[PDB]
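Enquirer: Sharing a structure, written as structure tokens. Questions coming.
Because the Cβ atoms are built from the backbone with ideal geometry, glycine has one as well, and the counts that use them run over all protein chains shown. Any read-out appearing in this document is the output of simple, stated calculations on the displayed coordinates, not a laboratory observation.
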Ligand code: FES
């Protein structure tokens, strides 16, 4: 099982969840009592944006983030599958601009 540390601080947040390789980060968080932001749940907006600061994901369904944003670690948590243990900063839409 992958271990996913979810951090913000503002928003209050520092909690670790587990996530299977076939489960999206957002869904796993919700199953374990963590309320993360979302709207479309379809990879077509930035509501659920996070930043991957350690580890790897496959978020290839994402259709909203550009190459610079991807290079900076931004992810859409509603369509991200972990491929390793990860540290993800939550509520990162506000950090895009
Ligand atoms: S909630 Fe719209 S991309 Fe995740």
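Enquirer: How fast does the chain diffuse by Stokes-Einstein, in µm²/s, taking the Kirkwood radius from C-alpha pairs at 10 °C and 1.306 mPa s?
Expert: For the chosen part, D equals 123 µm²/s.
Enquirer: Compute the length gained on full extension between residue 58 and residue 72: take 0.36 nm times their separation in residues and subtract their Cα-Cα distance, giving the result in nm to one decimal. List each step's numbers first, then the result.
Expert: Working: separation 14, 0.36 × 14 = 5.04 nm, distance 1.51 nm.
Stretched out fully, the residue 58 to residue 72 stretch lengthens by 3.5 nm.
Enquirer: Report the FRET efficiency, 1/(1 + (r/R0)^6), for residue 97 and residue 31, where r is their Cβ-Cβ distance and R0 is 30 Å, rounded to 0.05.
Expert: Step by step, r from the Cβ atoms, then E = 0.45.
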